[PDB]
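Enquirer: Contents of upload-v6.cif (mmCIF, N, CA, C and O atoms) are below:
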```
data_protein
#
loop_
_atom_site.label_atom_id
_atom_site.label_comp_id
_atom_site.auth_asym_id
_atom_site.auth_seq_id
_atom_site.Cartn_x
_atom_site.Cartn_y
_atom_site.Cartn_z
N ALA H 13 95.58 123.30 99.64
CA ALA H 13 94.78 122.33 100.44
C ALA H 13 93.45 122.04 99.74
O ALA H 13 93.09 120.88 99.52
N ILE H 14 92.75 123.12 99.34
CA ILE H 14 91.40 123.04 98.78
C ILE H 14 91.41 122.25 97.47
O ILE H 14 90.51 121.46 97.22
N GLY H 15 92.44 122.50 96.65
CA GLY H 15 92.52 121.93 95.31
C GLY H 15 92.34 120.41 95.33
O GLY H 15 91.55 119.88 94.55
N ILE H 16 93.06 119.76 96.24
CA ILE H 16 93.14 118.32 96.35
C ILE H 16 91.73 117.72 96.39
O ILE H 16 91.36 116.87 95.58
N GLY H 17 90.91 118.21 97.31
CA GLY H 17 89.59 117.64 97.47
C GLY H 17 88.72 117.78 96.23
O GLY H 17 87.88 116.92 95.98
N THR H 18 88.87 118.90 95.51
CA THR H 18 88.00 119.22 94.38
C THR H 18 88.12 118.09 93.37
O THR H 18 87.13 117.66 92.79
N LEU H 19 89.37 117.64 93.17
CA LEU H 19 89.67 116.61 92.19
C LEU H 19 88.94 115.34 92.60
O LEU H 19 88.26 114.74 91.77
N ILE H 20 89.07 114.96 93.87
CA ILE H 20 88.54 113.70 94.35
C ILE H 20 87.04 113.68 94.13
O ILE H 20 86.54 112.73 93.57
N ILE H 21 86.31 114.70 94.56
CA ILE H 21 84.87 114.57 94.45
C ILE H 21 84.43 114.61 92.99
O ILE H 21 83.40 114.05 92.65
N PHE H 22 85.23 115.26 92.12
CA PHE H 22 84.93 115.31 90.70
C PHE H 22 84.82 113.88 90.19
O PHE H 22 83.87 113.56 89.49
N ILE H 23 85.77 113.02 90.59
CA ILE H 23 85.78 111.62 90.17
C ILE H 23 84.45 110.97 90.50
O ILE H 23 83.86 110.29 89.67
N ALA H 24 83.94 111.24 91.70
CA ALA H 24 82.70 110.61 92.10
C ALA H 24 81.56 111.06 91.19
O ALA H 24 80.73 110.24 90.83
N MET H 25 81.49 112.36 90.88
CA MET H 25 80.41 112.90 90.07
C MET H 25 80.32 112.11 88.76
O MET H 25 79.22 111.79 88.32
N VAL H 26 81.49 111.82 88.17
CA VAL H 26 81.62 111.17 86.88
C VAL H 26 81.00 109.79 86.98
O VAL H 26 80.11 109.43 86.20
N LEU H 27 81.46 109.04 87.98
CA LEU H 27 81.07 107.65 88.12
C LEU H 27 79.56 107.58 88.37
O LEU H 27 78.91 106.73 87.78
N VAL H 28 79.01 108.49 89.17
CA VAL H 28 77.60 108.42 89.53
C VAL H 28 76.74 108.70 88.30
O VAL H 28 75.70 108.06 88.11
N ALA H 29 77.14 109.66 87.46
CA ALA H 29 76.43 109.95 86.23
C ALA H 29 76.50 108.74 85.29
O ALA H 29 75.51 108.39 84.65
N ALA H 30 77.66 108.08 85.28
CA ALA H 30 77.88 106.92 84.44
C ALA H 30 76.90 105.82 84.82
O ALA H 30 76.25 105.25 83.96
N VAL H 31 76.82 105.54 86.13
CA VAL H 31 75.96 104.49 86.65
C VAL H 31 74.51 104.77 86.28
O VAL H 31 73.80 103.87 85.88
N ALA H 32 74.10 106.03 86.36
CA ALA H 32 72.72 106.37 86.05
C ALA H 32 72.46 106.19 84.55
O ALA H 32 71.41 105.70 84.12
N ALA H 33 73.45 106.54 83.74
CA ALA H 33 73.28 106.42 82.31
C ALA H 33 73.05 104.96 81.96
O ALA H 33 72.20 104.64 81.13
N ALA H 34 73.84 104.08 82.59
CA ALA H 34 73.77 102.66 82.34
C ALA H 34 72.33 102.17 82.49
O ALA H 34 71.86 101.43 81.63
N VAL H 35 71.64 102.62 83.54
CA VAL H 35 70.26 102.22 83.78
C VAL H 35 69.42 102.57 82.55
O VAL H 35 68.64 101.76 82.06
N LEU H 36 69.57 103.79 82.06
CA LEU H 36 68.67 104.30 81.05
C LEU H 36 68.91 103.52 79.76
O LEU H 36 67.94 103.10 79.12
N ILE H 37 70.19 103.31 79.42
CA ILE H 37 70.61 102.64 78.19
C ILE H 37 70.07 101.21 78.22
O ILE H 37 69.34 100.81 77.30
N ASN H 38 70.41 100.49 79.30
CA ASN H 38 70.02 99.10 79.50
C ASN H 38 68.51 98.94 79.37
O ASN H 38 68.02 98.09 78.61
N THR H 39 67.78 99.76 80.12
CA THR H 39 66.33 99.66 80.21
C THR H 39 65.75 99.82 78.82
O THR H 39 64.78 99.15 78.49
N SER H 40 66.32 100.74 78.03
CA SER H 40 65.81 101.01 76.70
C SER H 40 65.95 99.74 75.87
O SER H 40 65.01 99.33 75.17
N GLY H 41 67.11 99.09 76.02
CA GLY H 41 67.38 97.79 75.42
C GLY H 41 66.33 96.76 75.79
O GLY H 41 65.78 96.09 74.91
N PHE H 42 66.05 96.63 77.09
CA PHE H 42 65.11 95.63 77.60
C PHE H 42 63.73 95.82 76.99
O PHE H 42 63.01 94.86 76.78
N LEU H 43 63.35 97.07 76.75
CA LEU H 43 62.02 97.37 76.26
C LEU H 43 61.98 97.14 74.76
O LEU H 43 60.92 96.80 74.24
N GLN H 44 63.10 97.35 74.07
CA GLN H 44 63.11 97.32 72.61
C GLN H 44 62.54 95.98 72.14
O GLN H 44 61.71 95.93 71.23
N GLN H 45 63.01 94.90 72.79
CA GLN H 45 62.63 93.53 72.48
C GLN H 45 61.11 93.40 72.49
O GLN H 45 60.51 93.04 71.47
N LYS H 46 60.50 93.68 73.65
CA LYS H 46 59.10 93.40 73.89
C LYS H 46 58.24 94.29 73.01
O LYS H 46 57.15 93.89 72.61
N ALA H 47 58.71 95.52 72.78
CA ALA H 47 57.94 96.46 71.99
C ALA H 47 57.71 95.83 70.62
O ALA H 47 56.57 95.67 70.19
N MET H 48 58.80 95.40 69.97
CA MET H 48 58.68 94.87 68.63
C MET H 48 57.78 93.63 68.65
O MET H 48 56.85 93.52 67.86
N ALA H 49 58.10 92.71 69.56
CA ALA H 49 57.44 91.41 69.65
C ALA H 49 55.93 91.60 69.65
O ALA H 49 55.22 90.88 68.95
N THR H 50 55.46 92.56 70.45
CA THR H 50 54.04 92.74 70.69
C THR H 50 53.36 93.11 69.38
O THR H 50 52.28 92.62 69.09
N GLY H 51 54.00 93.99 68.61
CA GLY H 51 53.41 94.50 67.39
C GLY H 51 53.27 93.40 66.35
O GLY H 51 52.20 93.24 65.76
N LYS H 52 54.35 92.64 66.16
CA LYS H 52 54.38 91.60 65.15
C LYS H 52 53.29 90.59 65.48
O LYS H 52 52.46 90.28 64.62
N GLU H 53 53.31 90.08 66.71
CA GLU H 53 52.38 89.07 67.17
C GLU H 53 50.94 89.54 66.96
O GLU H 53 50.09 88.79 66.49
N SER H 54 50.66 90.79 67.32
CA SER H 54 49.30 91.27 67.29
C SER H 54 48.79 91.35 65.86
O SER H 54 47.61 91.14 65.60
N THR H 55 49.68 91.69 64.93
CA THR H 55 49.29 91.85 63.55
C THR H 55 48.95 90.48 62.99
O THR H 55 47.93 90.32 62.33
N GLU H 56 49.82 89.49 63.23
CA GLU H 56 49.63 88.16 62.70
C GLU H 56 48.29 87.58 63.17
O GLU H 56 47.64 86.84 62.42
N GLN H 57 47.90 87.93 64.40
CA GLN H 57 46.64 87.49 64.99
C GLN H 57 45.47 88.07 64.22
O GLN H 57 44.54 87.33 63.87
N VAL H 58 45.48 89.37 63.95
CA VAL H 58 44.28 89.97 63.40
C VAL H 58 44.11 89.59 61.93
O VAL H 58 42.99 89.55 61.44
N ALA H 59 45.22 89.30 61.25
CA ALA H 59 45.23 89.11 59.81
C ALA H 59 44.89 87.68 59.41
O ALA H 59 44.35 87.46 58.33
N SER H 60 45.24 86.72 60.25
CA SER H 60 45.15 85.32 59.87
C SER H 60 43.83 84.68 60.28
O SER H 60 43.17 85.12 61.24
N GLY H 61 43.47 83.58 59.61
CA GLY H 61 42.19 82.92 59.83
C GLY H 61 41.92 81.84 58.78
O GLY H 61 42.70 81.70 57.85
N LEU H 62 40.81 81.10 58.94
CA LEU H 62 40.38 80.11 57.98
C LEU H 62 38.89 80.31 57.73
O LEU H 62 38.19 80.86 58.59
N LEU H 63 38.40 79.79 56.58
CA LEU H 63 37.05 80.06 56.13
C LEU H 63 36.45 78.79 55.54
O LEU H 63 37.08 78.15 54.69
N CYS H 64 35.22 78.49 55.96
CA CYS H 64 34.48 77.28 55.60
C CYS H 64 33.86 77.46 54.25
O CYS H 64 33.36 78.55 53.93
N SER H 65 33.94 76.42 53.44
CA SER H 65 33.65 76.58 52.03
C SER H 65 32.42 75.78 51.72
O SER H 65 31.68 76.14 50.80
N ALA N 13 125.68 135.58 121.87
CA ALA N 13 124.74 136.58 121.25
C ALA N 13 123.51 135.89 120.65
O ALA N 13 123.62 134.83 120.04
N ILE N 14 122.34 136.51 120.81
CA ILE N 14 121.06 135.91 120.47
C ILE N 14 120.92 135.73 118.95
O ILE N 14 120.24 134.82 118.48
N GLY N 15 121.60 136.59 118.19
CA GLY N 15 121.41 136.64 116.75
C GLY N 15 121.74 135.30 116.09
O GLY N 15 121.05 134.84 115.17
N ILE N 16 122.77 134.65 116.65
CA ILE N 16 123.34 133.46 116.07
C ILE N 16 122.26 132.39 115.91
O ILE N 16 122.07 131.82 114.84
N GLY N 17 121.51 132.13 116.97
CA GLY N 17 120.48 131.12 116.90
C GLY N 17 119.34 131.50 115.96
O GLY N 17 118.72 130.61 115.37
N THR N 18 119.00 132.79 115.91
CA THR N 18 117.86 133.27 115.14
C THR N 18 118.09 132.93 113.68
O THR N 18 117.16 132.51 112.98
N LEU N 19 119.34 133.10 113.23
CA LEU N 19 119.76 132.78 111.88
C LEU N 19 119.55 131.28 111.65
O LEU N 19 118.86 130.89 110.72
N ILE N 20 120.14 130.45 112.50
CA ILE N 20 120.17 129.00 112.33
C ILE N 20 118.75 128.45 112.28
O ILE N 20 118.46 127.63 111.43
N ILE N 21 117.87 128.89 113.16
CA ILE N 21 116.52 128.34 113.17
C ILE N 21 115.73 128.76 111.93
O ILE N 21 114.86 128.03 111.48
N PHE N 22 116.06 129.93 111.34
CA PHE N 22 115.42 130.39 110.12
C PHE N 22 115.70 129.40 108.99
O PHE N 22 114.79 129.02 108.26
N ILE N 23 116.95 128.94 108.92
CA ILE N 23 117.40 127.98 107.91
C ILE N 23 116.51 126.76 107.98
O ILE N 23 115.99 126.31 106.96
N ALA N 24 116.26 126.27 109.20
CA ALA N 24 115.42 125.11 109.39
C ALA N 24 114.00 125.41 108.92
O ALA N 24 113.40 124.57 108.25
N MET N 25 113.47 126.57 109.31
CA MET N 25 112.06 126.87 109.11
C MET N 25 111.76 126.86 107.61
O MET N 25 110.74 126.31 107.17
N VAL N 26 112.67 127.45 106.82
CA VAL N 26 112.57 127.53 105.37
C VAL N 26 112.48 126.11 104.84
O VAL N 26 111.56 125.78 104.09
N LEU N 27 113.43 125.27 105.25
CA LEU N 27 113.58 123.93 104.71
C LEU N 27 112.30 123.14 104.97
O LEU N 27 111.83 122.47 104.07
N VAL N 28 111.73 123.27 106.18
CA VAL N 28 110.55 122.50 106.52
C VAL N 28 109.40 122.94 105.63
O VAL N 28 108.65 122.10 105.12
N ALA N 29 109.26 124.25 105.46
CA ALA N 29 108.16 124.79 104.66
C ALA N 29 108.29 124.33 103.21
O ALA N 29 107.29 124.16 102.52
N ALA N 30 109.53 124.09 102.76
CA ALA N 30 109.76 123.61 101.41
C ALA N 30 109.21 122.21 101.30
O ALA N 30 108.43 121.94 100.38
N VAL N 31 109.59 121.34 102.25
CA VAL N 31 109.17 119.94 102.24
C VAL N 31 107.65 119.85 102.26
O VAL N 31 107.06 119.10 101.51
N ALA N 32 107.03 120.68 103.08
CA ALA N 32 105.58 120.68 103.19
C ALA N 32 104.94 121.06 101.86
O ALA N 32 103.93 120.49 101.46
N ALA N 33 105.49 122.07 101.18
CA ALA N 33 104.96 122.50 99.91
C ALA N 33 105.09 121.36 98.91
O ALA N 33 104.16 121.08 98.14
N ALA N 34 106.24 120.68 98.94
CA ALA N 34 106.54 119.69 97.94
C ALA N 34 105.42 118.67 97.84
O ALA N 34 105.01 118.37 96.72
N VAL N 35 104.98 118.10 98.97
CA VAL N 35 104.01 117.02 99.00
C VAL N 35 102.72 117.41 98.29
O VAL N 35 102.05 116.55 97.71
N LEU N 36 102.37 118.69 98.32
CA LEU N 36 101.13 119.13 97.71
C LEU N 36 101.32 119.17 96.19
O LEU N 36 100.44 118.74 95.45
N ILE N 37 102.49 119.64 95.75
CA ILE N 37 102.81 119.75 94.33
C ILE N 37 102.81 118.35 93.73
O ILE N 37 102.12 118.10 92.73
N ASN N 38 103.56 117.43 94.37
CA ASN N 38 103.63 116.03 94.00
C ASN N 38 102.23 115.41 93.90
O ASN N 38 101.88 114.79 92.89
N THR N 39 101.42 115.57 94.96
CA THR N 39 100.14 114.91 95.05
C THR N 39 99.22 115.45 93.97
O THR N 39 98.36 114.73 93.47
N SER N 40 99.38 116.73 93.62
CA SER N 40 98.51 117.33 92.64
C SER N 40 98.80 116.69 91.28
O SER N 40 97.87 116.42 90.52
N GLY N 41 100.09 116.41 91.03
CA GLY N 41 100.53 115.66 89.86
C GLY N 41 99.87 114.29 89.75
O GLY N 41 99.27 113.96 88.72
N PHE N 42 99.96 113.50 90.82
CA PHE N 42 99.38 112.17 90.87
C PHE N 42 97.89 112.22 90.55
O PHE N 42 97.37 111.42 89.77
N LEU N 43 97.19 113.15 91.18
CA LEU N 43 95.76 113.23 91.00
C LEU N 43 95.41 113.69 89.59
O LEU N 43 94.34 113.32 89.10
N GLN N 44 96.29 114.47 88.94
CA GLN N 44 95.94 115.07 87.67
C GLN N 44 95.61 113.95 86.69
O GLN N 44 94.51 113.90 86.11
N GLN N 45 96.57 113.04 86.53
CA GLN N 45 96.46 111.97 85.56
C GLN N 45 95.22 111.14 85.84
O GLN N 45 94.44 110.86 84.93
N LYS N 46 95.07 110.75 87.12
CA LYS N 46 94.02 109.82 87.52
C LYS N 46 92.65 110.39 87.20
O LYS N 46 91.75 109.67 86.77
N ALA N 47 92.51 111.70 87.40
CA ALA N 47 91.25 112.38 87.18
C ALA N 47 90.97 112.40 85.69
O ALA N 47 89.89 111.99 85.25
N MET N 48 91.95 112.86 84.91
CA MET N 48 91.74 113.12 83.48
C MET N 48 91.31 111.83 82.79
O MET N 48 90.33 111.81 82.05
N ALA N 49 92.03 110.74 83.08
CA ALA N 49 91.76 109.43 82.52
C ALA N 49 90.35 108.97 82.87
O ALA N 49 89.69 108.38 82.03
N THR N 50 89.92 109.21 84.11
CA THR N 50 88.66 108.67 84.59
C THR N 50 87.52 109.29 83.81
O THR N 50 86.52 108.64 83.54
N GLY N 51 87.67 110.58 83.50
CA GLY N 51 86.67 111.33 82.74
C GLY N 51 86.58 110.83 81.30
O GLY N 51 85.50 110.52 80.82
N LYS N 52 87.74 110.75 80.64
CA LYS N 52 87.80 110.34 79.25
C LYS N 52 87.12 108.99 79.11
O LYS N 52 86.21 108.83 78.29
N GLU N 53 87.59 108.03 79.91
CA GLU N 53 87.18 106.64 79.80
C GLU N 53 85.67 106.55 79.98
O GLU N 53 85.00 105.84 79.23
N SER N 54 85.17 107.21 81.01
CA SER N 54 83.77 107.13 81.34
C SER N 54 82.94 107.65 80.19
O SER N 54 81.81 107.21 80.01
N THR N 55 83.48 108.63 79.45
CA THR N 55 82.72 109.30 78.40
C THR N 55 82.56 108.35 77.23
O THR N 55 81.46 108.18 76.71
N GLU N 56 83.67 107.71 76.85
CA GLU N 56 83.70 106.79 75.72
C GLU N 56 82.72 105.65 75.95
O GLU N 56 82.07 105.21 75.01
N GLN N 57 82.64 105.16 77.20
CA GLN N 57 81.76 104.07 77.60
C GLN N 57 80.32 104.41 77.26
O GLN N 57 79.67 103.63 76.58
N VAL N 58 79.84 105.58 77.68
CA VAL N 58 78.44 105.90 77.52
C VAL N 58 78.14 106.10 76.04
O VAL N 58 77.06 105.74 75.57
N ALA N 59 79.09 106.69 75.32
CA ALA N 59 78.88 107.23 73.99
C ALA N 59 78.79 106.13 72.93
O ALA N 59 78.31 106.39 71.83
N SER N 60 79.21 104.90 73.25
CA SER N 60 79.48 103.91 72.21
C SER N 60 78.62 102.66 72.34
O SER N 60 78.20 102.30 73.43
N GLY N 61 78.36 102.02 71.20
CA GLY N 61 77.61 100.76 71.22
C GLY N 61 77.34 100.22 69.82
O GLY N 61 77.70 100.85 68.85
N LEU N 62 76.66 99.08 69.75
CA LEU N 62 76.31 98.44 68.50
C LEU N 62 74.79 98.23 68.45
O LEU N 62 74.14 98.14 69.49
N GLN N 63 74.24 98.09 67.24
CA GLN N 63 72.82 97.95 67.03
C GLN N 63 72.60 96.84 66.02
O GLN N 63 73.25 96.85 64.96
N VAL N 64 71.67 95.90 66.29
CA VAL N 64 71.39 94.82 65.36
C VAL N 64 70.39 95.30 64.36
O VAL N 64 69.29 95.67 64.76
N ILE N 65 70.78 95.31 63.07
CA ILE N 65 69.95 95.83 62.02
C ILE N 65 68.90 94.76 61.73
O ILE N 65 67.71 95.03 61.89
N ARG N 66 69.33 93.56 61.29
CA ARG N 66 68.43 92.48 60.93
C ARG N 66 69.09 91.14 61.22
O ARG N 66 70.31 91.07 61.27
#
```
Using structure tokens, write down the structure from this file.
Expert:
Amino acid sequence: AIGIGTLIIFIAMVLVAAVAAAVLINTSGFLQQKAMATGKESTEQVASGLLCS
Amino acid sequence: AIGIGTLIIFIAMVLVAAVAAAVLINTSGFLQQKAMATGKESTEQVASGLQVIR
């Protein structure tokens, strides 16, 4: 009797961990974009300019 | 004589207990595959991906 239930709830544990992992993976992706963008943009700003002759 | 019935009902009792046992053995089989697959698949999903180099 006991065995049956153990299997079923095991399935849930798997899926719930999977769903949580998805958040972390995705979020890391979402941040990767902006992280890079900010650095490149900021550098180009500080480095560039014009000078009156 | 009372003995006669006692024998006959025993035959039934055995048979019923067999049928009852069977369903658990069968169901455990069904669940085995479903569980194992669910774990494997879920693992591969998290573990894998692609990365844009340039």
Enquirer: Do you have, as a Markdown table, the list of residues of chain N lying at most 7 Å from chain H, each with its nearest atom pair and that distance in Å to one decimal, counting only N, CA, C and O atoms and ordered by chain then number?
Expert:
```
| residue | atom | partner | partner_atom | distance |
| --- | --- | --- | --- | --- |
| N:39 | O | H:16 | CA | 7.0 |
| N:40 | CA | H:16 | CA | 6.6 |
| N:43 | O | H:19 | CA | 6.5 |
| N:47 | CA | H:19 | O | 6.0 |
| N:50 | O | H:26 | CA | 6.4 |
| N:51 | CA | H:26 | CA | 6.5 |
| N:54 | O | H:30 | CA | 5.9 |
| N:58 | CA | H:30 | O | 6.8 |
```
Enquirer: What does the distance from atom O of residue 61 of chain N to atom N of residue 40 of chain H come to in Å, to one decimal?
Expert: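 Result for atom O of residue 61 of chain N versus atom N of residue 40 of chain H: 14.6 Å, one decimal.
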Enquirer: Expressed in Å to a single decimal, how great is the separation between atom O of residue 59 of chain N and atom C of residue 41 of chain H?
Expert: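 Interatomic distance, atom O of residue 59 of chain N to atom C of residue 41 of chain H: 15.9 Å.
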Enquirer: If you run DSSP on the backbone here, which positions in chain N get helix (DSSP H, G or I)? Please write them as an MDAnalysis selection string.
Expert: chainID N and resid 15:59
Enquirer: Could you work out how far atom N of residue 32 of chain N lies from atom C of residue 46 of chain N, giving the answer in Å with one decimal?
Expert: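 A separation of 23.8 Å between them.
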